[PDB]
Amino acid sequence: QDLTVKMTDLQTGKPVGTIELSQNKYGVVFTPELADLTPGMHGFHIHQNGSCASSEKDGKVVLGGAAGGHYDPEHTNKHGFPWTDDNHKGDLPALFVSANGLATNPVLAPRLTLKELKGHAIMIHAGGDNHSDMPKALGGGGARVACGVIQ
């Protein structure tokens, strides 16, 4: 059995679709069926905490902030590619959103297992992801726009 995760828009709070997670011999496949997102490539990662709630810093609200940082069980403390080991295991390939706001292209994360995903959050960012902390920390994804908690 695969897993289905419901995704929610952090600004309006409305649902934007689902992501199907599937265990394959080469890793976990993420098949999205999302709508209402801005066209373009978006940073897509697994975050530490199983929460999509916001958090605060200096009295400012941070949407999706409760999810914490990137899933990084080996304590690499660095952002990278989905196919490099010295970086966050939660680093997924960027998610493509078409001109009409639809996300339907599946991507593979070869370092992950479906089992370990439970209890973490799937996050989609405003910006893209160049898979590096240079020139922008965490791939330049920026704000969190949509989030979902796995299982």
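Quick note: we count residues from 1 along the sequence shown, nothing fancier.
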### Message
Regarding 95 to 103 and 24 to 32, which shows the higher C-alpha temperature factor on average in the entry?
### Response
95 to 103
## Note on the structure
The stretch whose C-alpha atoms carry the larger average B-factor in the entry, 65 to 73 or 34 to 42, is 34 to 42
#### Entry: Member of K89, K115, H47, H125 with the greatest C-alpha B factor (per the PDB record)
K115
### Query
Against its chain's modelled residues, does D9's Cα B factor rank lowest, middle or highest third?
middle
#### Entry: Chain-relative CA temperature factor third for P135
highest
### Query
If you rank the chain by CA B-factor, which third does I150 end up in: lowest, middle or highest?
middle
